[PDB]
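Chains O and A are the protein sequences, given in the same order.
Anchor point for the first sequence: position 21 equals 178 in the deposited numbering, and the numbering is continuous, going up by one each time.
Anchor point for the second sequence: position 92 equals 255 in the deposited numbering, and the numbering is continuous, going up by one each time.
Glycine included, every Cβ here is placed at the ideal spot set by N, Cα and C.
Read the structure below first, then the notes.
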Amino acid sequence: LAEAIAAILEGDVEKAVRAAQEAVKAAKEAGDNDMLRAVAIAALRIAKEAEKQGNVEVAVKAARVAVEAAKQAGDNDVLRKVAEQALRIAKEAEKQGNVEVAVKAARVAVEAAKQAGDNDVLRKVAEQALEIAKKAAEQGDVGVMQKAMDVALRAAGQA
Amino acid sequence: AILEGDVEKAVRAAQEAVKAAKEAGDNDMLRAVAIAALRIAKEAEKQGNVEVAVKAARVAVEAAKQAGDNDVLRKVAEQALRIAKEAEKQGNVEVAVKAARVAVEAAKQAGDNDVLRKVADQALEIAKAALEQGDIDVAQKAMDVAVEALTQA
């Protein structure tokens with residue numbers, strides 16, 4: 158966490174994720190709920206900074222750690238914050254036209270939403286999943302669209 | 164039947180008409196049947212009942228796939244899209260996806276990539292409605308039809 162805070166000063170988001178991977182490794186070995194909560198909140202601020210930098214790719218890598226922790230912890234409001242941020246990240250990935258990153262952001266968002274069971278989140282997630290699929294259809298990449306289908310349809314299948 | 168508005172009788176007649184045309188191997192009756200199906204669909208939209216319109220379009224593709232009249236296929240696809248738009252306004256996503264199932268069957272013969280694109284766009288509108296209804300089997304069907312619409316591009 159200290160290394161991650163130093164990375165939050167320094168602005169190297171790859172270094173930040175490298176630290177965060179070890180952070181979840183230790184936290185998952187411990188099983189301490191507050192340590193997990195802290196790691197998740199740190200990952201959230203790392204992502205918030207990565208969005209200011211426009212680095213949606215590393216933001217999704219951070220979100221992948223965030224769900225890894227949150228799935229153990231069951232902090233419902235943290236799962237909500239994560240899901241909201243995952244959609245914010247996906248919206249930037251749409252604006253960048255990086256539908257691959259956007260679909261990965263949805264894949265994370267639905268994973269978290271399935272733990273949370275928050276119906277408004279689930280419907281907002283599925284809504285954006287169709288928006289992502291619409292833009293992936295405007296790009297016309299068939300294999301990406303098979304994924305956009307698979308994710309959005311599975312999300313609807315939970316919602 | 165069209166002038167009477169008794170459109171079930173128009174669907175029945177169209178089915179026998181293609182039966183006769185196919186059992187004969189008729190060289191052109193297909194064209195007349197499809198042009199009549201376009202008229203039937205136009206009226207079925209004014210009558211609101213898209214389920215007749217799709218059953219008529221079912222005959223329309225059965226014929227048009229023999230015939231290869233490109234402008235007729237294009238008109239038929241346009242009508243199938245219009246039928247889907249009305250079926251969505253009626254909230255009948257099941258009829259909407261079956262309208263798209265016909266649309267892609269025909270567009271696959273025609274090769275109109277902009278029609279395939281418009282079919283996929285419409286399929287997304289259908290999926291949005293299917294999500295909003297929780298008709299997720301219809302979303303599954305809409306996704307299969309979209310996979311056809313993408314894969315044939």
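For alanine 293 (chain A), collect the residues of the same chain with a Cβ closer than 7 Å to its Cβ; drop the 5 residues on either side in sequence, then sort them by chain order.
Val256, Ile299, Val301, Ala302 and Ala305
Identify the contact partners of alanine 313 (chain O) in chain A, using a Cβ-Cβ distance below 7 Å as the criterion.
At a C-beta separation below 7 Å, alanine 313 (chain O) has these neighbours in chain A: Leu294, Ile299 and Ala302.
Between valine 310 (chain A) and chain O, is the shortest Cβ-Cβ distance under 8 Å, so that the two count as touching?
yes
Please tell me whether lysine 291 (chain A) has its Cβ less than 8 Å away from any Cβ of chain O.
For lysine 291 (chain A), the answer is yes, since a Cβ of chain O falls inside 8 Å of its Cβ.
Relative to the C-alpha of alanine 195 (chain O), which candidate in O:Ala227, O:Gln210 and O:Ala294 has its C-alpha closest?
O:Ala227
Which same chain residues end up closer than 6 Å to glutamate 268 (chain A) when comparing Cβ atoms and leaving out the 5 residues on each side of it in sequence?
If the five residues before and after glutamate 268 (chain A) are omitted, its C-beta is found closer than 6 Å to the C-beta atoms of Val224, all from its own chain and listed in chain order.
Could you pull out every residue in the same chain whose Cβ sits closer than 7 Å to the Cβ of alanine 176 (chain O), ignoring the five residues on either side in sequence?
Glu160, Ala161 and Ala164
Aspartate 277 (chain O) by DSSP, collapsed to three states: which one?
helix
Under 8 Å by Cβ, that's how I've got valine 265 (chain A) and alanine 286 (chain A) pegged, so tell me the actual separation to the nearest angstrom.
Contact doesn't hold; Cβ gap of about 13 Å is too wide.
Under 8 Å between C-beta atoms, does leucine 279 (chain O) make it to chain A?
no
Apart from the five residues on each side of it in sequence, which residues of its chain come closer than 6 Å, Cβ to Cβ, to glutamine 315 (chain O)?
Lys271
At least three beta-carbon pairs within less than 8 Å, the region 271-278 of chain A to the region 234-244 of chain A
yes
Beta-carbon of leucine 193 (chain A) versus every beta-carbon of chain O: anything under 8 Å?
no
Check the Cβ-Cβ distances between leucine 287 (chain O) and every residue of chain A, and say whether any is below 8 Å.
yes
With distance defined between alpha-carbon atoms, name the residue in O:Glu186, O:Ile198, O:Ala294 and O:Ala273 nearest to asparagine 255 (chain O).
O:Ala294
Would you mind telling me which residues of chain O sit closer than 8 Å to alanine 200 (chain A), beta carbon to beta carbon, in chain order?
Residues of chain O passing the Cβ test: none, with the nearest at roughly 29 Å.
Taking only beta-carbon atoms, is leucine 244 (chain O) less than 8 Å away from chain A?
no
Evaluate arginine 221 (chain A) with the Cβ neighbour count: other Cβ atoms within 10 Å of its Cβ, from every protein chain shown; 16 or more gives buried, anything less gives exposed.
buried
If the cut is a Cβ gap below 7 Å, which residues of chain A does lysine 271 (chain O) touch?
Correct list: empty, because the minimum Cβ distance to chain A is about 15 Å.
Can you pull the chain O neighbours of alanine 263 (chain A), defined as C-beta to C-beta under 9 Å?
The CB of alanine 263 (chain A) never comes closer than 9 Å to any CB in chain O; the least such distance is about 14 Å.
Can you give the Cα-Cα distance for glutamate 268 (chain O) and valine 282 (chain A), rounded to whole angstroms?
30 Å
Spatial neighbours of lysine 209 (chain O) in its chain, beta-carbon cut-off 8 Å, leaving aside the 5 residues before and after:
Contacts found: none.
Check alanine 164 (chain A) in the structure and name its three-state DSSP category.
coil
Which class does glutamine 229 (chain O) belong to by DSSP, given the choice of helix, strand or coil?
helix
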